[PDB]
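Please read the structure below before turning to the comments.
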Amino acid sequence: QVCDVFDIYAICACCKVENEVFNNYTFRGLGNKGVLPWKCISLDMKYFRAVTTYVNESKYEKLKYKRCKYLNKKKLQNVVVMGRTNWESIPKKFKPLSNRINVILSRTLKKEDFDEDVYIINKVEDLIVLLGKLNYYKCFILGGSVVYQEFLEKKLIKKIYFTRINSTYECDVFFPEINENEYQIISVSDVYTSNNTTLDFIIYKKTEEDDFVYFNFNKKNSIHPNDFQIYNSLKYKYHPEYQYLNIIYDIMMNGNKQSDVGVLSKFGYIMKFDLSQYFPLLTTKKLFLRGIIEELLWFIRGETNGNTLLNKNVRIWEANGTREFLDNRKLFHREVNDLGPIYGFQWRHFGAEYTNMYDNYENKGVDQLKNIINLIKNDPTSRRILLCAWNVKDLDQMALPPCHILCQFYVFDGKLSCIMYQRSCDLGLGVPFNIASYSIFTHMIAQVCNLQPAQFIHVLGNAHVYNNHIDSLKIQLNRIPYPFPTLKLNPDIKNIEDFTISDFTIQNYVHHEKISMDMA
Amino acid sequence: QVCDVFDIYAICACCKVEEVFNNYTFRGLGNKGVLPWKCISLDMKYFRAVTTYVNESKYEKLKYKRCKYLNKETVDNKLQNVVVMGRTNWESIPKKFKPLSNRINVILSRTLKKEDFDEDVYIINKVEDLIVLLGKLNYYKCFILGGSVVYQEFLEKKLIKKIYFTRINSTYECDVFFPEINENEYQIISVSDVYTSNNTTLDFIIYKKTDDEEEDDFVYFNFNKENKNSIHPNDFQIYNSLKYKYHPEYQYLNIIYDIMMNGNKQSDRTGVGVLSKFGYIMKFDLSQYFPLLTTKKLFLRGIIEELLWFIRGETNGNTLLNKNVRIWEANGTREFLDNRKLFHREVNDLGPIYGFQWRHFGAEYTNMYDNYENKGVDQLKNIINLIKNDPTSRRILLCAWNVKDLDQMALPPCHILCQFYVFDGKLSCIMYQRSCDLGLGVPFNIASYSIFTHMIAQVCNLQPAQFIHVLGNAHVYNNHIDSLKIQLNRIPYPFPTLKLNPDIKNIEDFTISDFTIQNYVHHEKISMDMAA
Ligand SMILES: NC(=O)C1=CN([C@@H]2O[C@H](COP(=O)(O)OP(=O)(O)OC[C@H]3O[C@@H](n4cnc5c(N)ncnc54)[C@H](OP(=O)(O)O)[C@@H]3O)[C@@H](O)[C@H]2O)C=CC1
Ligand SMILES: NC(=O)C1=CN([C@@H]2O[C@H](COP(=O)(O)OP(=O)(O)OC[C@H]3O[C@@H](n4cnc5c(N)ncnc54)[C@H](OP(=O)(O)O)[C@@H]3O)[C@@H](O)[C@H]2O)C=CC1
Ligand SMILES: Nc1nc(N)c(-c2cccc(Cl)c2)c(CCCOc2ccccc2)n1
Ligand SMILES: Nc1nc(N)c(-c2cccc(Cl)c2)c(CCCOc2ccccc2)n1
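Chains as they are written, first to last, in the entry's author numbering: chain A, 4 to 21, 29 to 83, 96 to 229, 286 to 297, 304 to 344, 348 to 607; chain B, 4 to 21, 30 to 88, 97 to 229, 283 to 298, 303 to 608.
Shown next, in the form of structure tokens:
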């Protein structure tokens with residue numbers, strides 16, 4: 004195959020184009043009015059230069075050998103191929119592309135029409151003849167859409183280096199629909215922010287050593309890894325959603341079978360999400376945030392009245408407030424939906440005597456939420472900046488003891504990080520919401536303290552997958568994450584108590600379709 | 004030059020012999044013509060896998076090298100390894116195991132000959148006869164299986180390229196010994212995980228004579297990578317020299333390295349200066365070892381008395397000071413309490429700290445002398461009852477962070493909570509630590525909660541599994557950096573074991589004499605401030 008002999012690759016960047031359904035074809039915008047749809051995305055410029063300039067002299071020998079064999083026979099550079107329209111779009115000061123052998127496809131222009139150190143070729147076949155005559159490492163097709171269409175059509179592309187630009191622009195030219203039977207995603211990068219958009223980089227592919291063994295001399305759950313074909317097919321799984329999906333995989337393959348309803352469990356994990364780069368709302372199924380933002384606002388108001396959330400059509404706590412649920416807790420003297428001294432009460436009134444959900448607890452008990460905001464502002468190197476919901480004295484009065492034990496804060500160089508320790512983690516249903524809740528809370532605390540958010544760090548104690556979620560989670564693990572969305576806060580909010588639901592916007596959420604974790 | 008062309012390695016297992032420690036601590040080979048120990052099945056398994064493994068696809072380069080060396084184009088002019104045994108060694112092996120399967124057996128003997136023996140098992144009577152025999156064989160590697168006498172001469176004659184050395188961390192009567200490996204002539208390049216087999220810990224160390285399509289994609293995904305701090309390269313030469321660092325002590329040492337290399341410069345209360353990072357997890361397998369650091373010397377009497385004091389529910393610092401346990405002495409002074417605004421607190425009245433929260437959470441603290449019997453929540457009793465009666469509970473947590481009482485404490489607890497997990501008769505524990513002094517505090521903290529896990533496991537009739545240490549604010553004091561650079565260049569020894577008196581079946585019944593550390597092999601003490 005000519006793409007394998009001559010190492011022909013495509014590299015492109017695609018944005019989104021003007029109950030949405032998402033698929034890989036979501037990312038297809040290439041151009042508008044003969045230029046790019048976006049103003050500079052500097053990180054993609056940096057990636058593009060690194061990929062198209064990188065050469066490995068030690069691997070050249072084998073490539074020269076392979077091409078000589080196939081053909082019957096100063097510094098090494100890559101070849102870059104551009105359509106004439108692409109070429110004319112590039113600013114003069116960037117042309118010819120530095121440290122690369124520049125090739126232009128044109129019928130209307132000939133070598134006499136160019137001042138620059140470029141090769142002009144007038145048909146695809148003449149590129150292959152040219153590649154036979156040059157010393158080069160790899161050949162990158164740089165676009166635009168006519169050039170990509172014809173090279174993909176002729177199966178002349180070994181891999182596509184595809185930048186997913188997670189923002190929407192006016193486009194008039196599009197990357198061709200990639201045929202799923204001809205090209206497979208094999209690698210996915212980390213998620214980044216550049217020039218007020220998130221993006222990632224994916225790769226489509228055409229469809286002492288003895289001592290390691292010795293140390294390995296001493297190396304289950306009716307899970308069939310051929311149930312995880314796509315998941316196990318990927319080479320590089322660098323997208324941060326894989327911190328979650330890898331824990332699911334680990335519990336399924338290595339988990340302990342336990343009772344209450349079956350689970351598989353393991354003990355002790357950590358996930359870290361870079362909130363400066365993305366908002367980690369899972370993309371491998373559809374999540375909604377209205378409920379968990381109302382929950383957080385209800386916590387911050389210090390409320391324990393389940394009816395407040397129910398009147399907003401938020402049902403997160405409904406089951407924990409029923410007559411039957413409260414009586415099974417021995418809370419015979421608790422009104423329905425009076426959840427007792429749970430999160431909000433502990434955050435604003437730790438150590439106060441709970442009475443009922445209607446009482447006015449003003450200036451009763453410890454306002455640890457106000458205290459941690461004061462420590463972050465006035466004593467940011469403190470190792471005591473903890474917010475703790477696990478009030479040992481009050482546990483049996485709560486509808487149930489908190490899962491989210493504590494949040495600890497860390498301030499360095501004007502940036503806020505947060506650790507949340509979770510004693511009990513429902514990986515299939517609860518953890519995706521819990522990541523989103525404490526990520527939003529970190530943003531709120533950072534803003535009211537005039538800081539930038541850095542990391543949300545999630546520590547999982549008892550980490551379990553319900554046996555009833557296994558089939559749904561096998562479906563999810565075989566989906567490839569999309570670049571994450573971004574969270575916007577109203578910058579006018581200066582105090583933790585002053586946020587309302589319209590002060591939060593999730594932008595550029597691209598996701599696979601919703602999953603029922605339990606299939607009735 | 005020879006040992007490199009013919010790939011001649013030594014494989015041995017050494018015990019300790021019947030207090031300063033060094034590599035030569037591990038030198039026991041034999042007693043009265045047999046092995047000093049009863050039988051260590053994991054070393055048997057390692058020995059068999061190492062001495063039998065061969066890689067067909069890597070032979071061409073070995074044969075090529077050997078032919079070139081011997082001025083030949085072919086060996087003669097199923098790939099196996101050669102194993103070389105002393106006659107005493109050979110005559111100590113039982114019949115059913117001789118000759119050693121899937122290996123070319125060679126025996127050094129001056130007094131026996133090929134007539135006395137059989138098959139394709141070679142006798143040789145000089146060491147030079149091995150080199151000519153290797154010149155004439157197709158084999159992968161050559162392993163010297165010893166005898167003291169055999170290792171002695173092969174090491175003198177400089178004929179060993181690597182030593183595969185098993186460290187058996189227990190003491191036996193020995194009459195023969197492995198030669199002192201000179202530090203200038205051999206260096207450790209790799210160290211394994213620590214195991215238990217047949218009532219001893221052991222590890223495996225290695226001494227050395229002193283589709284690449286997806287390979288570029290790795291370079292592309294790395295295009296945005298930067303190494304902050306003015307710690308030097310040469311300064312961690314031994315640490316950076318090792319290839320495989322599988323010993324569990326590296327979970328601690330790798331965090332020190334990470335903080336030194338990538339940590340954030342901050343200035344804490346005493347303007348000492350730290351390097352800090354946020355969020356780590358260490359996991360220690362208490363079924364296989366007791367994780368007492370071996371790269372410096374650590375003492376445990378104080379740390380045990382501290383836990384016994386917590387378990388009694390005590391808050392009286394004088395109790396510990398009267399036993400010369402001075403861990404809380406700084407936090408109980410008039411000056412320290414006054415600076416905490418505890419003007420009405422007696423000296424060494426630490427307030428409602430760990431022991432009070434563990435036995436009496438929510439009770440009104442009065443003074444360190446009051447009778448709190450039956451006041452507040454006995455969380456320690458409650459978690460023991462949950463482990464025994466509801467072991468799949470996800471609510472088995474023991475929490476010292478009482479938000480209501482923090483300001484009454486001499487200081488708020490560093491060790492926020494313990495969570496327990498029970499599976500298949502085994503107990504694991506997570507401890508979450510808000511503030512971690514990596515150089516001085518964390519080594520003790522790992523020991524304290526590993527001991528506590530053993531005590532809870534034992535009173536609940538469970539076996540300990542993991543101790544899992546979660547670090548929040550993890551910092552290295554700038555005044556510890558020189559000492560931690562010395563420590564990171566020390567290779568760990570196999571870990572000791574903890575033995576509890578097995579008769580103790582109630583958490584309140586332990587006494588200092590119920591705790592024994594066995595087989596603690598450690599580098600020299602380090603004063604973390606002004607290098608020792
Ligand atoms: N986002 C991204 O990754 C990229 C975006 N772009 C954008 O794409 C748009 C330009 O793309 P589009 O208009 O398709 O134009 P192209 O850059 O694909 O250029 C088309 C021209 O190349 C020549 N050509 C193509 N194939 C051949 C052939 N086989 N033999 C001879 N000549 C050939 C012809 O030139 P002639 O007419 O002179 O014969 C043809 O008109 C722009 O908006 C640009 O900004 C460009 C590349 C990448
Ligand atoms: N812990 C471990 O890893 C190991 C321990 N052992 C233990 O060590 C002890 C046995 O070793 P040790 O007593 O030294 O005996 P060795 O096995 O070293 O055997 C010594 C005999 O080998 C022959 N020999 C040695 N060198 C030569 C030579 N250069 N040329 C010809 N023959 C040579 C001689 O036998 P002859 O008299 O026939 O000439 C010599 O007397 C036992 O207690 C055994 O269990 C053994 C192996 C490994
Ligand atoms: N991933 C990726 N792939 C691409 N093929 C391009 C692209 C877009 C238009 C023209 C050209 Cl030559 C390249 C970019 C856009 C970033 C690089 O844009 C250029 C940088 C330097 C010189 C020319 C274009 N990103
Ligand atoms: N790491 C290590 N190295 C070794 N050189 C030996 C050793 C000890 C005595 C005799 C022999 Cl042949 C080997 C062992 C002991 C485990 C294997 O011991 C035997 C193997 C086969 C037959 C008899 C003993 N472990």
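Here a beta-carbon is modelled for each residue, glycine too, at the ideal position from N, C-alpha and C.
Identify, in the order they occur along the chain, each residue of the same chain with its Cβ nearer than 7 Å to the Cβ of residue i, setting aside the five sequence neighbours on each side.
| i | result |
| --- | --- |
| residue 176 of chain B | 146 |
| residue 143 of chain B | 125, 127, 149 and 152 |
| residue 35 of chain A | 199 |
| residue 307 of chain A | 336 and 337 |
| residue 132 of chain A | 142 |
| residue 596 of chain B | 368 and 572 |
Among the options, which has the Cα closest to the Cα of residue i?
| i | options | result |
| --- | --- | --- |
| residue 8 of chain A | A:160, A:121 and A:96 | A:160 |
| residue 584 of chain A | A:532, A:558, A:568 and A:559 | A:532 |
| residue 499 of chain B | B:470, B:521 and B:474 | B:470 |
| residue 435 of chain A | A:511, A:452, A:427 and A:442 | A:452 |
| residue 572 of chain B | B:579, B:553 and B:523 | B:523 |
| residue 541 of chain B | B:574, B:502, B:111 and B:508 | B:502 |
| residue 101 of chain A | A:81, A:65 and A:115 | A:65 |
| residue 487 of chain B | B:546, B:408 and B:513 | B:408 |
| residue 459 of chain A | A:449, A:387 and A:373 | A:387 |
| residue 578 of chain B | B:568, B:492 and B:592 | B:592 |
| residue 538 of chain B | B:73, B:467 and B:188 | B:467 |
| residue 476 of chain A | A:461, A:465 and A:510 | A:510 |
For residue i, which residues of its own chain have a beta-carbon under 6 Å away from its beta-carbon, when the five flanking residues on both sides are left out?
| i | result |
| --- | --- |
| residue 544 of chain B | 359 and 506 |
| residue 166 of chain B | 105, 107 and 108 |
| residue 382 of chain A | 403 |
| residue 394 of chain A | 424 |
| residue 216 of chain B | 51, 52 and 53 |
Mind checking residue i: buried by the 16 CB within 10 Å criterion, or exposed?
| i | result |
| --- | --- |
| residue 174 of chain B | buried |
| residue 75 of chain B | exposed |
| residue 229 of chain B | exposed |
| residue 185 of chain A | buried |
| residue 606 of chain B | exposed |
| residue 289 of chain B | buried |
Below 8 Å, is the gap between the Cβ of residue i and the nearest heavy atom of ligand 2?
| i | result |
| --- | --- |
| residue 122 of chain B | no |
For residue i, which residues in the same chain have their Cβ closer than 8 Å to its Cβ, ignoring the five residues on either side in sequence?
| i | result |
| --- | --- |
| residue 317 of chain A | 206 and 208 |
| residue 478 of chain A | 428, 433, 437 and 438 |
| residue 305 of chain A | 336, 337, 338, 339, 341 and 351 |
| residue 588 of chain A | 377, 380, 381 and 384 |
| residue 191 of chain B | 18, 19, 20, 21, 39, 42, 47 and 48 |
| residue 525 of chain A | 491, 494, 505, 507, 543 and 545 |
| residue 517 of chain B | 490 |
Could you tell me whether any non-hydrogen atom of ligand 5 is closer than 8 Å to the CB of residue i?
| i | result |
| --- | --- |
| residue 143 of chain A | This structure lacks ligand 5; its bound ligands are ligand 1, ligand 2, ligand 3 and ligand 4. |
Please indicate yes or no: does the CB of residue i lie closer than 8 Å to some heavy atom of ligand 1?
| i | result |
| --- | --- |
| residue 129 of chain A | yes |
Check whether the Cβ of residue i sits closer than 8 Å to any heavy atom of ligand 3, and report yes or no.
| i | result |
| --- | --- |
| residue 54 of chain A | yes |
*Give, in chain order, every residue of the segment 58-72 of chain A whose Cβ lies closer than 8 Å to some Cβ of chain B.*
60, 61, 64, 66 and 69
*Residues in the segment 314-343 of chain A having any Cβ partner in chain B nearer than 7 Å*: 319, 320, 322, 340, 342 and 343
*Could you list the residues in the segment 467-480 of chain A with a C-beta less than 8 Å from some C-beta on chain B, going in chain order?*
468, 470, 471, 473, 475, 477, 478, 479 and 480
*Would you list, in chain order, the members of the segment 108-141 of chain A that have their beta-carbon closer than 7 Å to a beta-carbon of chain B?*
none
*Going along the chain, which residues of the segment 400-419 of chain A sit with their C-beta nearer than 7 Å to a C-beta in chain B?*
none
*With 8 Å as the limit, tell me which residues of the segment 497-515 of chain A have their beta carbon closer than that to any beta carbon of chain B; keep them in chain order.*
497, 499, 500, 504, 506, 508, 510 and 511
*If contact means a Cβ-Cβ distance below 7 Å, which residues of the segment 142-172 of chain A contact chain B?*
none
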